[PDB]
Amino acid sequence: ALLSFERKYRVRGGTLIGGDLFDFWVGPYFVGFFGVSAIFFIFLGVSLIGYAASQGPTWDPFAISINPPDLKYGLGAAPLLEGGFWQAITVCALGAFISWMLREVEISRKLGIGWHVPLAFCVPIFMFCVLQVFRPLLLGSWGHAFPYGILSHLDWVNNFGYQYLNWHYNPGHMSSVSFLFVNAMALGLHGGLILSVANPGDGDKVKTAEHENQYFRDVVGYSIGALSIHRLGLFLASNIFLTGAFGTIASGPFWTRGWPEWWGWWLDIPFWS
């Protein structure tokens, strides 16, 4: 079934690849060539995870872990039960994500809207590539990548941090965190502001664009504006990863010591030492 306003928008066209062949919907979902490829990659990847898990020690969902190869395999293919499942699953994951992104482009084109959403989605895909592909390529082994496990991936994050003694002092991390926090805070502020205008309470009147701007101008001395808060939110969120990626890539390939010691560039200047 369709939303009451939907039918007029369900026109042919807007595809990147394939034309009319896959230009249709299944229930609410648009398909397209990239919907077909997405489903293929999801099916293969999830099947491989199921099979890999069935060969390990547990069916507990928190405890299951599908891991990359030993460092000694370098950038070569590993045997299936020694890291090869992880390699195949990683390929499926990137195929799925990229297909998802390009499907969003087709959907955007069909609707006549900007492609900002799939462009924004490129950011987490890029970060996944930093962690699983680029950094391991720079260090010479797939085995530096993270394992697929709900809790196990956290054991990887934990050890990776402590390999650099105190990862909190990583300047790319400091930037990434600050963006994470300001973004969460800003989303709260923006959601609450819009709801506060539309829902004044008590049979009071819905307020106005002028009231929205007046509120922040009063509380902090500045209002960014209605369009610009959306540009800002996209910027703050994206920069969680666009800045964090530098901190991740630096650790190993460009810095081998603890992170606190990096700050010696400042602390150890002769003038004040």
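Take the two forms, find the largest set of C-alpha atoms that superpose within 1.5 Å, and that set is the rigid core. Start at 1 and count along the sequence shown; that's the residue number.
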(request) Please pick 225 to 233 or 56 to 64, whichever has its Cα atoms farther from the shown form in 8 other deposited structures of this protein after a rigid core fit. (result) 56 to 64
(message) Mean Cα B factor from the PDB record: higher for 230 to 238, or higher for 200 to 208?
(response) 200 to 208
(message) Quick check on the record: does 72 to 80 or 150 to 158 carry the larger mean Cα temperature factor?
(response) 72 to 80
(request) Would you mind checking where the Cα B-factor of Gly252 ranks among the modelled residues of its chain, as the lowest, middle or highest third? (result) lowest
(request) For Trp265, return the chain-relative third of its C-alpha B-factor as stated in the PDB record: lowest, middle or highest. (result) highest
(request) Going by the recorded CA B-factors, say which third of the chain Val219 sits in, lowest, middle or highest. (result) highest
(message) Lowest, middle or highest third: which one holds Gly35 when the chain's residues are ordered by CA B-factor from the entry?
(response) middle
(message) Please place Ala88 in the lowest, middle or highest third of its chain according to the CA B-factor in the PDB entry.
(response) middle
